[PDB]
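Chains as they are written, first to last, in PDB author numbering: chain D, 12 to 352; chain A, 11 to 344; chain I, 1 to 36; chain C, 32 to 473; chain F, 12 to 45; chain E, 3 to 84; chain V, 1 to 137. Cβ coordinates follow ideal geometry from the N, Cα and C atoms, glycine included. Here is the structure we will look at.
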Amino acid sequence: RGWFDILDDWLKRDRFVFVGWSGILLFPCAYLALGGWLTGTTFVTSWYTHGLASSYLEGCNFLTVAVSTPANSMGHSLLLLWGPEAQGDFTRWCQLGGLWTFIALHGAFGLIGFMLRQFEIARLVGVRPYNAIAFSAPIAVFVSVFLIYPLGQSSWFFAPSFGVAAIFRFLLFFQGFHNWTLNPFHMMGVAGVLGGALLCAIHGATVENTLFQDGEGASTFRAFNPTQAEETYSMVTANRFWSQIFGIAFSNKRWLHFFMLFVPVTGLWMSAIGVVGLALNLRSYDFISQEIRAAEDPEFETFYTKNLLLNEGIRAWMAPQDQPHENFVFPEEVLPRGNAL
Amino acid sequence: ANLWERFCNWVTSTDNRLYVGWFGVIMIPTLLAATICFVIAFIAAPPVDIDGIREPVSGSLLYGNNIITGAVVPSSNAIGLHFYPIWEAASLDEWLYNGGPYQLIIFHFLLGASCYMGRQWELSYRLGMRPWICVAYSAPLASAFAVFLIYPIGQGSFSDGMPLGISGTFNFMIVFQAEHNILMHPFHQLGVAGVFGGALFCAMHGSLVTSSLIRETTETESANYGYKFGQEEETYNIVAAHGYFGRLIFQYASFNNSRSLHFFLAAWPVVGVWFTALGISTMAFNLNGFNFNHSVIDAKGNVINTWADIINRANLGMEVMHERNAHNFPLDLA
Amino acid sequence: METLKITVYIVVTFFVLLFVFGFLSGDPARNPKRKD
Amino acid sequence: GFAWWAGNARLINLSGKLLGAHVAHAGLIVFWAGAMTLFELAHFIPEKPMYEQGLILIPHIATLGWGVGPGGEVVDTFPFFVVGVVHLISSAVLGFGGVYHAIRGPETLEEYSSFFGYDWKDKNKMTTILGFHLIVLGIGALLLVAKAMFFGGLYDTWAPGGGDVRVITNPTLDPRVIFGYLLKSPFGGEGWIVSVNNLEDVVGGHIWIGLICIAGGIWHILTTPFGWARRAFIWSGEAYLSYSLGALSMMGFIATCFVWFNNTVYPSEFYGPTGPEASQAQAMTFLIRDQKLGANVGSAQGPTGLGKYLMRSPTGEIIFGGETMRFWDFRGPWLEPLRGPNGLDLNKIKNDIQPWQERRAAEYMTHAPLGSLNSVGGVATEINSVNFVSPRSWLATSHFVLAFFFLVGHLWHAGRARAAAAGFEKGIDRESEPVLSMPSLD
Amino acid sequence: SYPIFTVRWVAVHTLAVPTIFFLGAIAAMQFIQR
Amino acid sequence: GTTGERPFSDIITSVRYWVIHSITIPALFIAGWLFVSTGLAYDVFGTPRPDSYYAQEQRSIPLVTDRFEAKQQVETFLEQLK
Amino acid sequence: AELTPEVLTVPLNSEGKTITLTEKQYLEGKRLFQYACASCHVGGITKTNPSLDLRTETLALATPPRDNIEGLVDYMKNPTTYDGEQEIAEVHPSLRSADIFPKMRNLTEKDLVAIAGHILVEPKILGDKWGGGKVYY
Ligand code: CLA
Ligand code: CLA
Ligand code: CLA
Ligand code: CLA
Ligand code: HEC
Ligand SMILES: CC1=C(/C=C/C(C)=C/C=C/C(C)=C/C=C/C=C(C)/C=C/C=C(C)/C=C/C2=C(C)CCCC2(C)C)C(C)(C)CCC1
Ligand SMILES: CC1=C(/C=C/C(C)=C/C=C/C(C)=C/C=C/C=C(C)/C=C/C=C(C)/C=C/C2=C(C)CCCC2(C)C)C(C)(C)CCC1
Ligand SMILES: CC1=C(/C=C/C(C)=C/C=C/C(C)=C/C=C/C=C(C)/C=C/C=C(C)/C=C/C2=C(C)CCCC2(C)C)C(C)(C)CCC1
Ligand SMILES: CCCCCCCCCCCCCCCCCC(=O)O
Ligand code: OEX
Ligand SMILES: [Cl-]
Ligand SMILES: [Cl-]
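Below is the structure:
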């Protein structure tokens with residue numbers, strides 16, 4: 012009953028916001044990541060890294076503000092405040108993109124803290140740790156997209172900037188440059204996200220429309236007691252309904268709920284892997300057989316060839332402004348263009 | 011015991027392995043017609059002049075496509091929104107060239123899917139259930155109406171409806187982004203929120219229930235065998251689950267009422283998808299996403315670019331390249 | 001082609017009539033509780 | 032048994048308070064008609080076309096003949112002020128009756144008077160209220176006829192000389208024309224009732240529907256539903272609501288398409304050009320410009336081998352080329368002077384294009400119904416500068432959204448009415464679970 | 012009988028206080044003219 | 003289900019609560035306001051004022067192009083307007 | 001950078017005399033350009049005839065030269081084709097044709113100067129962008 016156990020007691024007390032040992036890592040880092048994002052989107056520019064306004068102070072709105080990535084010339088610098096780029100000068104640190112690494116790194120450590128919190132509370136309360144396990148999917152996506160991806164590329168510059176439209180720009184980049192929609196790891200992610208949303212809506216709807224009449228009122232919500240042992244809806248009527256509408260139906264509530272965990276978590280892990288490949292430009296860009304035929308046969312056209320012309324429009328039209336450090340100058344006569352437009 | 015009453019009793023029978031019902035009287039044929047034409051077209055249809063410029067697009071496996079690139083190609087721009095059944099062609103050869111199968115498939119499928127939603131009401135009624143599962147399915151169905159019918163109506167042509175193909179789906183969404191800046195449209199933003207959130211809440215609910223299953227099995231058997239079909243007792247401990255989740259956030263951010271929780275599970279994705287269906291359906295009438303192009307300028311009047319301007323650069327590259335031989339005039343007004 | 005058109009018209013009308021007359025044949029009464 | 036959030040469901044069997052709600056709500060609708068018009072008028076500037084100005088009520092009024100003259104020039108704004116004022120004043124009268132019945136009047140009506148009181152399950156009384164409202168509606172439709180035929184006429188975009196107000200003296204009575212619109216396919220080049228393209232047909236249809244509505248109103252006050260009808264429907268207030276939601280939904284979708292395609296009763300002088308119209312107008316604009324430079328627009332082969340300016344439609348008609356090939360079913364007053372029997376007539380095109388048609392094509396081309404949600408006009412890649420979104424995009428999108436949700440409302444209340452009527456809207460009786468008494472599927 | 016200052020109190024003001032300060036700054040911002 | 007803190011609905015319906023917070027809330031709003039209105043925010047964070055994105059006869063972006071001289075590069079750009 | 005008097009100084013006529021616009025003038029001319037002209041001339045191009053733009057260099061080669069306040073004011077009253085050979089009031093907004101172009105009705109002589117001045121100032125601010133089209137957006 013020495014000091015470590017006394018502190019344990021206090022961290023683990025039942026209060027409005029549970030703290031735990033995990034809170035020591037989580038609460039500073041989450042607060043700082045959030046704080047950094049609100050600070051930069053309110054007050055901080057991207058003039059010197061991107062040639063962009065990016066704060067409310069500058070004229071931007073909620074959709075176009077962003078904490079933008081550092082300049083390509085920073086490489087993968089940690090851009091510490093006390094480091095050799097900013098040399099303790101908070102102002103220069105801001106203008107150099109310091110808040111991007113600040114947010115990404117504290118965010119990373121916050122996510123570790125959050126997942127440790129799911130472990131810590133689960134242990135104290137006596138549950139199994141499947142929510143912590145399910146949260147690995149968010150972590151894998153964050154690390155693969157925000158950290159692994161730019162680490163394979165030339166710089167943090169090509170990571171996603173923290174902003175609504177900046178991320179929209181990230182999506183469009185990955186189409187024109189990586190042809191990411193043609194990637195089977197993205198496609199399984201899509202199936203996971205949409206499969207999860209479907210499961211979510213279809214499971215809630217089913218439960219709500221196979222309710223037992225447990226009260227006289229027309230609001231059926233009241234007719235639930237959280238301590239009742241009885242199932243509040245008929246699994247048997249639900250199973251007959253779906254067997255006859257769709258052919259197959261769940262029969263096991265445990266498998267049902269485990270499937271709901273499995274699908275969106277698997278989908279996100281899959282897409283994380285594809286992004287790892289794209290860190291290296293290891294893209295699912297082309298089908299070799301299509302290009303051989305199309306090169307030899309000017310009448311061969313597929314939706315595949317049509318989208319690559321779209322990708323080529325995007326690259327030539329967006330790269331000068333989106334990669335200012337490359338000093339691309341494309342005269343009018345080199346821009347790829349269809350007729351009239 | 012009357013012949014018609016016998017048929018009526020077979021139609022609505024709750025003892026059929028798949029329920030038929032009156033909606034199904036329409037659904038079975040129209041889905042069979044759509045499915046059969048689609049399978050045959052995906053495999054063997056010849057190239058279709060989707061944009062009406064005598065530039066046929068190959069979509070089928072036998073003409074050099076794989077699973078990812080294949081499509082049933084939309085019907086020709088030359089047809090517009092005109093009805094092009096088989097019997098309006100001089101020959102099947104002509105109907106194939108101009109994209110007739112696409113029209114056949116999408117009209118049967120939309121009918122059959124609409125009857126699918128009705129069939130869901132119908133069996134709910136015969137089984138003594140509550141009625142609103144079909145309301146959840148109206149979210150996906152409205153979304154299919156948007157990209158197959160409403161958007162073609164507003165733009166004037168089924169040639170701009172979504173292809174029945176994996177890569178054609180992508181073409182559609184790229185060209186939609188350049189003509190409508192859908193990413194900057196708040197209804198698409200809400201659909202992303204319905205779909206990300208639905209997946210999130212799917213995972214949450216499945217992990218919280220799975221976290222609080224009551225010990226009923228040994229280490230050497232799946233815990234699934236701890237639930238038996240039609241048992242009356244709950245198989246998990248929602249008070250344990252509420253106690254974890256409310257401490258993970260705080261108490262009043264966690265459900266302790268299963269009925270509210272499952273209703274929330276139903277409501278969130280259904281409504282975000284309604285909006286995103288509505289997003290496609292209103293961009294059908296060219297009420298496009300927010301435009302912040304050159305919205306920031308400096309004291310002199312120089313443009314100061316934002317990330318919206320960068321988006322615009324990408325959008326331009328999509329605009330100038332798409333349907334590259336189909337425009338003769340400077341504005342792509344539809 | 002006219003033969004085909006004839007056939008589809010007849011096939012379709014047939015199914016639409018099944019549907020209308022089906023639902024006019026006392027559908028409210030085809031439930032498991034209160035039939036009327 | 033309802034929660035605060037289903038609180039109006041408490042009014043189902045309170046016929047007097049429910050009258051208060053319906054009448055108070057009618058007053059909000061009249062209020063908005065009133066106030067929006069005064070707002071539109073306070074902002075209106077006549078040097079500018081209506082469609083550059085965000086107006087949707089003033090164009091409805093103009094279309095009825097009031098306040099406009101030849102070509103849609105606004106001549107006198109006082110009819111606009113009057114319509115808004117009168118609506119506005121009238122909403123206080125509706126507000127008063129409304130809150131009186133909802134707060135202070137008799138809570139239920141059936142004790143105070145057997146006439147105004149009703150039970151939803153009284154198939155005879157329900158059809159009588161329906162019959163009264165049909166008659167009212169028939170009167171409504173005749174008031175349009177009366178305006179067209181006896182009190183000034185209507186704006187006719189198709190009037191020779193640019194458009195003008197015109198009295199309608201031979202409304203179409205031929206049922207083959209009137210009901211023939213009801214049998215045209217909704218597809219391209221047909222357009223079901225949205226294709227109606229002259230006021231004679233508009234006015235004759237309203238004569239028909241006026242009489243039909245009065246006939247049927249009268250019919251339903253005198254009859255009770257026959258037995259097949261009795262056995263087909265649910266007879267409850269929520270079921271009746273669900274029927275009307277279905278109908279309003281269908282009607283909203285029809286209106287969406289009407290305002291998008293029809294330039295007759297939504298004149299383009301007032302509402303802006305249709306999508307097809309604007310697209311056609313661009314091909315006209317560059318045909319005109321290029322022919323003035325010496326191009327022979329009929330013999331100019333475009334890059335695809337199709338004509339650059341002119342090509343054939345799938346049934347032969349000479350039409351504009353480029354992507355607007357999709358839009359050849361378009362008809363409008365500025366373009367029809369160029370149509371011969373085979374479509375666009377090449378000799379008229381070379382010789383008889385008028386300055387006013389050149390102006391109109393340029394104007395419509397540059398006011399195509401494309402715009403951002405923050406009202407930046409033009410294609411989605413356009414820069415800021417022009418503050419414009421077509422009334423037709425505003426009216427199409429808004430009413431598609433309302434139509435959509437009213438279909439969802441129909442499903443909600445139709446399903447719920449069926450379940451309440453059968454006794455399981457609140458859930459499955461644990462002791463009498465239907466499935467547990469059926470054989471298993473396998 | 013309740014305490015005033017708690018862990019809860021700190022978490023609340025930790026978020027509430029700069030929120031308002033940030034709202035004030037962003038309100039002033041709508042009156043900047045180029 | 004309580005852990006002993008004063009209920010929120012108790013606090014914000016209380017007079018002492020509003021007596022303190024009708025001062026603290028406007029005072030912070032006002033501080034936030036003055037942070038911008040004085041121009042301090044621009045200097046603290048280095049954000050260009052509307053008149054200092056470009057030199058007058060200039061449309062090049064002042065882009066950082068070096069990792070270890072980046073700090074000097076920016077200063078060189080700032081003096082190129084004074 | 002800012003909107004100095006040098007940028008606000010533009011040729012008044014061919015003879016070489018100049019005039020310095022106030023910022024108020026410039027802003028008012030921009031607004032009147034949006035009200036009366038941008039539906040076809042957004043960004044300094046011409047949507048209904050892209051071969052002719054409002055770049056100073058194009059206006060200097062127009063007959064009557066239009067790269068000056070007087071040229072532009074006159075154009076808004078009696079527009080010609082680029083070579084001066086034919087008057088085009090019937091299809092181009094002008095005071096001469098405010099009957100058929102009603103937005104021109106309420107325009108005073110000083111409005112026209114503002115419009116004209118904005119046209120001449122704007123390429124000094126935006127350069128290639130002004131009249132360059134989507135390639136420069
Ligand atoms: C058009 C909108 C509309 C209308 C007309 C009504 C009308 C009605 N509601 Mg519904 N309701 C609505 C929206 C609406 N509601 C919404 C959005 C909600 C969700 C928040 C509810 C939730 C709700 C509940 C929970 C209940 C009702 C009830 C009622 C009825 C009784 C009201 C009563 O006793 O209150 C008394 C209210 C007051 C005394 C306060 C003052 C109200 C007055 C009318 C304000 C008028 C202001 C106006 C400027 C006056 C101009 C006067 C001039 C014209 C002379 C009444 C008929 C009740 C009911 O069904 O009873 C059985 C009931 O229980 N409603
Ligand atoms: C459809 C709407 C509606 C309906 C069904 C009712 C029905 C009723 N009201 Mg309510 N009421 C309404 C609207 C409505 N009212 C409005 C708009 C107001 C405010 C102006 C009132 C104010 C009101 C009061 C103050 C009282 C009632 C009472 C009554 C009851 C007795 C009616 C009676 O004896 O009059 C028989 C009928 C008449 C005297 C009507 C004369 C002919 C009318 C005025 C002309 C026709 C109108 C025309 C078709 C459309 C308007 C023109 C416009 C388009 C420009 C009855 C249940 C009484 C009650 O509840 O008992 C205590 C009562 O005291 N009503
Ligand atoms: C029901 C048929 C019908 C139709 C097709 C029209 C059509 C039209 N009307 Mg008329 N009108 C009607 C009824 C109708 N109106 C009635 C009853 C009234 C009195 C209330 C009026 C009063 C009126 C005025 C005052 C004006 C018009 C105007 C117009 C035109 C533009 C408005 C518009 O787009 O609405 C489109 C039409 C609809 C959305 C209605 C569609 C109804 C569908 C086809 C049938 C639904 C059946 C329903 C579900 C019930 C089923 C019963 C069940 C037992 C089977 C358009 C040509 C304007 C005009 O002509 O300007 C010159 C105008 O200013 N109308
Ligand atoms: C708001 C309008 C309205 C409403 C709600 C009703 C409601 C009703 N009517 Mg009345 N009716 C009305 C207007 C209306 N009527 C008018 C104006 C007339 C004069 C012509 C009639 C004439 C009338 C007669 C003569 C009869 C009714 C009957 C009935 C009852 C049965 C309705 C039924 O089965 O429909 C369901 C409809 C069907 C099963 C068949 C409809 C077939 C249509 C034409 C198919 C079209 C479908 C297509 C998708 C729509 C596109 C348009 C198409 C025409 C191209 C019901 C209470 C019946 C009754 O019991 O009376 C005592 C009856 O025999 N009504
Ligand atoms: C708002 C009052 C304005 C102003 C100031 C100008 N325009 Fe136009 N413009 C249009 C077309 C088709 C042309 C070419 C005419 C021809 O030569 O055939 C023009 C030309 C001009 C110029 C001259 C450009 C040059 O290089 O010499 C100028 C100075 C000019 N315009 C000014 C078309 C339109 C419109 C379409 C309806 C409208 C509106 C305007 N112009 C409006 C304006
Ligand atoms: C970075 C940094 C730091 C930190 C910082 C922080 C910590 C900050 C924080 C900050 C904050 C903390 C902020 C906040 C703000 C907030 C805001 C700005 C909000 C707003 C909101 C709103 C706007 C809302 C509204 C609304 C809407 C819109 C709708 C719905 C409703 C509502 C009401 C919600 C330090 C110092 C360490 C140093 C280094 C750097
Ligand atoms: C029942 C109820 C409700 C509702 C209510 C309502 C909805 C109401 C209505 C009401 C109304 C609906 C109102 C009205 C009013 C109006 C008015 C009162 C008007 C007046 C007018 C005037 C005064 C005029 C004047 C003028 C002139 C003459 C000229 C021009 C200018 C002017 C405008 C100035 C609620 C939900 C809340 C709650 C519960 C119950
Ligand atoms: C005015 C006008 C016109 C005319 C119009 C007309 C004359 C109208 C008609 C219309 C009509 C005449 C309509 C009708 C409709 C109907 C409907 C809409 C139906 C419904 C149905 C249903 C809904 C059913 C149901 C069912 C079934 C099927 C089964 C059994 C059960 C039940 C009953 C549920 C014109 C265009 C020339 C021009 C402009 C104006
Ligand atoms: C467990 C990790 C906690 C570490 C948190 C970081 C501590 C807070 C850092 C504050 C740094 C400010 C110093 C900047 C001035 C340095 C001057 C110089 O470059 O030599
Ligand atoms: O088709 Mn498919 O895409 Ca709707 O815009 Mn116009 O058109 Mn075509 O172009 Mn962009
Ligand atoms: Cl394409
Ligand atoms: Cl074209």
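For residue i, the three-state DSSP class (helix, strand or coil)
i: residue 127 (chain D); result: helix
i: residue 186 (chain C); result: strand
i: residue 338 (chain C); result: strand
i: residue 64 (chain D); result: coil
i: residue 19 (chain V); result: strand
Supposed contact pair residue j and residue i - C-beta distance, whole angstroms, cut 8 Å
i: residue 25 (chain F); j: residue 7 (chain E); result: Not confirmed; about 15 Å, so no contact.
Sub-7 Å separation of residue i and residue j beta-carbons
i: residue 103 (chain V); j: residue 78 (chain C); result: yes
i: residue 24 (chain A); j: residue 30 (chain I); result: no
i: residue 78 (chain D); j: residue 118 (chain D); result: no
i: residue 346 (chain C); j: residue 311 (chain C); result: no
i: residue 162 (chain C); j: residue 252 (chain C); result: yes
i: residue 125 (chain C); j: residue 58 (chain C); result: yes
Scan the region 285–331 of chain C and note each continuous alpha helix (DSSP H) run of 4 residues or more that stays entirely inside, going in chain order. As far as the region 285–331 of chain C is concerned, its whole alpha helix (DSSP H) runs of at least 4 residues are 299–302 and 306–323.
Could you tell me which uninterrupted alpha helix (DSSP H) segments, each at least 4 residues in length, are contained entirely in the region 382–407 of chain C, listed from first to last along the chain? 386–396
Could you name each continuous alpha helix (DSSP H) segment of 4 residues or more that falls completely within the region 24–60 of chain E, going from the start of the chain to the end? 42–47
Residues near ligand 4, CB to any non-hydrogen atom under 7 Å, in chain order? I:20, I:24, C:158, C:161, C:165, C:213, C:214, C:243, C:244, C:246, C:247, C:248, C:250, C:251, C:254, C:255, C:256, C:257, C:260, C:263 and C:274
Please list the segments of the beta strand (DSSP E) lying wholly inside the region 149–213 of chain C, counting only runs of 3 or more residues, in order along the chain. 185–187 and 195–197
Would you mind listing the alpha helix (DSSP H) stretches within the region 63–144 of chain A that are 4+ residues and don't spill past its ends, in chain order? 102–108 and 110–136
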